[PDB]
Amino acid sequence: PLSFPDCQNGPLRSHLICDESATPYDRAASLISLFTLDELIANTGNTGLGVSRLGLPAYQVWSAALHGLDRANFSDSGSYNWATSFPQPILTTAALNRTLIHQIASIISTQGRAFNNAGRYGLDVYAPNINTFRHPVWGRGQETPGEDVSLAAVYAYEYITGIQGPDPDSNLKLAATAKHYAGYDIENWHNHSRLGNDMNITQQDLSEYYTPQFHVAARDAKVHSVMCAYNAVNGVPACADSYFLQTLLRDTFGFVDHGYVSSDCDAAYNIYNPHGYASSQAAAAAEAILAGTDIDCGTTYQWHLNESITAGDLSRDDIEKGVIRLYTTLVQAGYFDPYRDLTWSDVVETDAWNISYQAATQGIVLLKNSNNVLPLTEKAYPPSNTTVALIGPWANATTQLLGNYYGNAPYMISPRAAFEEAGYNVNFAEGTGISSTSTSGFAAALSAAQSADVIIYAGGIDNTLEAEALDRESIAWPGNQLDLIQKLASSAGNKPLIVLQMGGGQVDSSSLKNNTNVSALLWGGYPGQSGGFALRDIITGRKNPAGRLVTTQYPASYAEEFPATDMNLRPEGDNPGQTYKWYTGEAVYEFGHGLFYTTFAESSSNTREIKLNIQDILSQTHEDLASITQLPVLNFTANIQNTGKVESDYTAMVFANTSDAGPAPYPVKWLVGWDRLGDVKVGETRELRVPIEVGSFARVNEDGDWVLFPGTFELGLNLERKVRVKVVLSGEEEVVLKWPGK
């Protein structure tokens, strides 16, 4: 029942809500001033009932857009029957291509507007997830930009801008919602449910790792909405945490005027049960509202704010504040007044660009290529003369391609189907399942391998192990897949054995790493609707891999070394440090790892130290930048040459480390920039230019303050660290973010 109010011939035509010359806030305020208390409360939840006597339509706040129109009112046939399903964010982020994220978000927003013009979708979306994949067992890590907060911040900016449009204040395409704020990275590990979890986070970790990306989403991307998490932090449920919502988000992080906060579905209720922070549903609703949660996902507000009023927990003005914020966003989206002409044909066109396929091809990571077995070129292995064995619980994957939540897709291309369409003769055998103990399927799998010229095993994990409400307990390969893989390796007989490790989280593949008969190892995440074509084309060399890992592949014992609910990044107790930045152990495959189908030579651009003064750089002008921390202080440059026989895109991560600047402990390293050079021809020498903002050089004190310290920094290209630059910062320490108090 989604429609638009009639501001020309409807009951509101005479009121300021329908005066396109007024300010958006004043329009929404007058509209709310036309309500009764019952009508007002009826619109405090995600399923807002509207006001019938005023011609005000019902509005649904909950729309899913994480990686496409993941849930909409689809038709059974014809128009509005499907929508593009892109890879899960974890795979897209591994392509290290900011413009890719922006374009995906813009396409999603176009199709969303098209469905909303047809009444089948909302005007605000509960995306993007910009939490980090801190601990490898998290069942929603597939929905995140990885474990590094800088990548999460850039993803937030590109996605939120693509979703909202170029003019978010005046002609908003769709309102985005940064989630989940904050400290939400665990579902149920060892019965530590997100609904009741009370996570202990130091102010230092809060400032340095858990909040920064939400600061970017607010100040730089001007996100219109933020969603507060189910969990509590240092004893306070996120949606009842006046410190998170007012002090930080609204007062420090630059949340747009009249931006609205939504609770998770239903975090407001969890304030009462199971957190126990409130003694009743009415008290929970009042506390959430007073802390700043404007709109409830659920029915706690709509069914219990009368009790809140009756108990003197708040006033009607308190309730009006949140509804006014929500409808201010709606007014800025043209609700009561360009994007309104988008229609089904625009969905068809944008899907037909196949940006989903491109995202998969760009994001897939090559972890192992022994003796250049890959690519299996169409010349060396012609389709008409080649049989490929497609084995594994991912070989026939269609819905598995789309990840935890997805809507109607135009099509789902399994690896098997893709190799068949290409004209290969394919022997398919499941072999085993994701988490099975049976061997009944091994014989058929081995038989398919015996008759084949190449063996492709597609397996790993999927949503039967990692999902919302479902955390992993082990990070080893599950089931008996490794056993079957080893049997395949033993019987291969110099036939290429390509292993496809799928899923959002990583699995300990050290076994495959040291196994000589295992020719190649690729990570495919959740590659979206065209995953089969992307995987096939990477294997054949029709596309060349350049993705890198945005998550660390830990040894299995990592998941037993310390409690996953430990929020401390820096090593302490049995925690060896978490994330590439602080991890003191030996990873199986490191964050930032990735191979290419060609060799690239990395040379210094000027065959050299960079000395800079804190006060000089921090007193400069910063036109077009909201903060001086965004100012480029140098360009990290190197020469990249294609010394191989195939043209390939090239990706680079720039890492920084220090041993003197600021307080100990000192990080192993941290990501300061990244780039992707497209289509580097054979022999070409392209130059790498990565700006390094002064923020990258700041470090966080225990009070949570961001400070630029004097000392020596080292900047290194990728994991090989061949090209290097020394940066000496002189002067006095200066605070660039003054962490507020409670």
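Residues carry their position along the shown sequence, with the first being 1.
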task = Could you tell me how many residues of the deposited sequence sit unmodelled between residue 337 and residue 338 (none, 1 to 3, 4 to 9, 10 or more)?
result = 4 to 9
key: Between neighbours residue 608 and residue 607, residues that the deposited sequence lists but the model omits   = 1 to 3
inquiry  = On mean Cα temperature factor in this entry, is 489-497 or 229-237 the higher one?
reply    = 489-497
query = Got a sec? Mean C-alpha B-factor, which is higher, 365-373 or 286-294?
reply = 365-373
Largest Cα B-factor, entry values, listed residues 221, 539, 182, 319 = 539
ask   = Highest Cα B-factor in the deposition, which of 471, 266, 647, 147?
value = 647
ask   = If you rank every modelled residue in this chain by C-alpha B factor, which third holds residue 588: lowest, middle or highest?
value = highest
ask   = When the modelled residues of the chain are sorted by Cα temperature factor, does residue 580 land in the lowest, middle or highest third?
value = middle
key: Third of chain Cα B-factors occupied by residue 137   = lowest
task = Can you work out whether the C-alpha temperature factor of residue 463 puts it in the lowest, middle or highest third of the chain?
result = lowest
note = In terms of its chain's C-alpha B-factors, the third that includes residue 680 is the highest
